Amino acid sequence: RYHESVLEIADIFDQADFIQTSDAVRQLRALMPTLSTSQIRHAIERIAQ
Amino acid sequence: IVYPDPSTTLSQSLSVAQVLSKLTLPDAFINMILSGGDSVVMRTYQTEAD
Amino acid sequence: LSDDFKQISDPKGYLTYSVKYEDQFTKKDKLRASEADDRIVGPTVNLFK
Amino acid sequence: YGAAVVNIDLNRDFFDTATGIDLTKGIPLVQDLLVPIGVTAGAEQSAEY
Amino acid sequence: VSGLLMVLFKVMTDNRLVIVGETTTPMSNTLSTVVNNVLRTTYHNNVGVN
Amino acid sequence: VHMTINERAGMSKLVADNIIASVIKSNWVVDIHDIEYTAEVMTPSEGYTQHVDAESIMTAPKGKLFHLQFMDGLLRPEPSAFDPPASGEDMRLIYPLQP
């Protein structure tokens, strides 16, 4: 009886001031294609200028 | 003897501290997203039963 | 100290492929299969028409 | 009286061409951010989303 | 037999260093699937025949 | 059959025609995936503004997203009692399954 796929949000600290971000930021990252070193450098430059 | 007024130096550095904070913003942002963070991607195996 | 080696950009090679087709079957009109693939595959499909 | 569809989306004003954001289709489409580098850009890409 | 003595000579005195002149970092989406699996990161510009 | 195309890049033009003909003359159910599109609803009146072809839907580049409009037509006044009839009409060829 197989597994599945979920996320934790790091709620198992119950300790405030940490774990500010949530689940959704990972979904956006995985949604992204893939970024190479020179592509990231280009992307930083474009948003800056 | 000439005493330099404190106005020309206090505001001088105040604007330099502004450029750095506004220049380092993009790469601290786009870098942040591709890190995920505050997640784990786990899996749960059912010990039979229900 | 002494000048020695010379530098190129794209290397040559000693052994290469050579093809000889005959007509009656050949179709020299279509050279396309995709977009960003027609530059990564063919000539690897234009030497094997 | 006699309106077919009344839908909601991103504002055409707040996010304007002054910040690169362009949305004529209903999808927020920017012109350049992450792109193939050595190769020239495309006329239309899904990466522009 | 004299011709082979010219081929063997040409390879013997061959001193060529290889600088990286041309490349492309293709966007992961446009290249479909079979070709995606094949290539790692960047390729050159003059991909030969295989 | 119930077909399911995943790689719509390697197929030859003849295979696509066979696929796009067997749906018409044998009631085949075919499917595409790599196609990406942005859909927007269209009012009944006035009609369509842009029409694509069933041959271009098989040759479109992997990462190039085109828009194909879908007709609403929920509110449309029906014809009067006295008017000429019809003879074996409209056939529709494409369907979204997102939804």
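Its alpha carbons give chain A an Rg and a Dmax of 16.3, 53 Å. Pairwise inverse Cα distances across chain F, averaged and inverted, put the Kirkwood hydrodynamic radius at 16.2 Å. For chain E, a Kirkwood hydrodynamic radius built from all Cα pairs, placed in the Stokes-Einstein relation at 37 °C and 0.692 mPa s, yields a translational diffusion coefficient of 225 µm²/s.
Using +1 at the C-beta of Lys and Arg and -1 at the C-beta of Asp and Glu, which of A:31, A:7, A:18 has the Cα lying farthest in the positive direction of the dipole of chain A? Positive-most Cα among the choices belongs to A:31. Taking only alpha carbon atoms, chain B gives an Rg to Rh ratio of 1.58, where Rh is the Kirkwood radius. For chain F, modelled as a GNM whose springs connect Cα atoms under 10 angstrom apart, the maximal fluctuation among F:55, F:78, F:40 occurs at F:78. Restricting chain A to trypsin sites (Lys or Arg not before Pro) that sit in a DSSP loop and have at most 13 other Cβ atoms within 10 Å of their own Cβ leaves A:1. In plain terms, chain F is cut at each of the chymotrypsin sites (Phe, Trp or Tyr not before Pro) found in a DSSP loop with at most 13 other Cβ atoms within 10 Å, and the longest leftover piece is F:1-47. Loop-located GluC sites (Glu not before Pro) across chain A with a Cβ neighbour count of 16 or fewer within 10 Å are A:4, A:8, with loop assigned by DSSP.
A convex hull fitted around the alpha carbon atoms of the protein assembly as shown yields 438 Å³ per residue.
Would you calculate the volume per residue, in Å³, of the smallest convex hull containing every Cα atom of chain C?
Once divided by residue count, the hull of chain C is 117 Å³.
Separation of the alpha carbons by more than 25 angstrom is noted, of C:27/F:13; C:27/F:25; C:12/F:13; C:12/E:10, for C:27/F:25; C:12/F:13. Karplus-based coupling profile of the range F:2-11, in residue order and whole Hz: 10, 6, 8, 7, 9, 9, 9, 10, x, 5, with θ = phi - 60° in 6.51 cos²θ - 1.76 cosθ + 1.60 and x standing for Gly or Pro. Using Cβ point charges alone (K and R +1, D and E -1), the dipole size of chain A about the Cα centre works out to roughly 420 debye.
Summarised as an ellipsoid, the range F:9-49 has semi-axes of 28, 16, 10 Å, derived from the eigenvalues of the Cα gyration tensor scaled by 5 and square-rooted, with the largest first. Centroid-to-centroid, using Cα positions, the range F:2-33 and the range D:1-47 are 32 Å apart. Looking at the range F:34-99, the trypsin sites (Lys or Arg not before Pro) that sit in a DSSP loop and have at most 16 other Cβ atoms within 10 Å of their own Cβ are F:64, F:92.
In debye to the nearest 20, how big a dipole does chain F give about its Cα centre with +1 on each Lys and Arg Cβ and -1 on each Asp and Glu Cβ?
Numbers: 7 positive and 14 negative charges, 71 e Å.
Charge dipole, chain F, about its Cα centre: 340 debye, nearest 20.
Each 10 Å bin from 0 upward holds the following percent of the Cα-Cα pairs of chain D: 20, 40, 25, 11, 3, 1. Cross-link check: pairs C:28/F:62; C:20/F:62; C:28/D:25 evaluated at a Cα-Cα cut-off of 32 Å; pairs beyond the cut-off: C:20/F:62; C:28/D:25. With springs only between Cα atoms under 10 Å, which of F:79, F:44, F:61 fluctuates most in a Gaussian network model of chain F? Greatest mean-square fluctuation among the candidates belongs to F:79.
Ideal geometry is used to build each Cβ from the backbone, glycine not excepted, and the neighbour counts take in all protein chains shown. No value in this document is a laboratory result; all are computed from the given coordinates.
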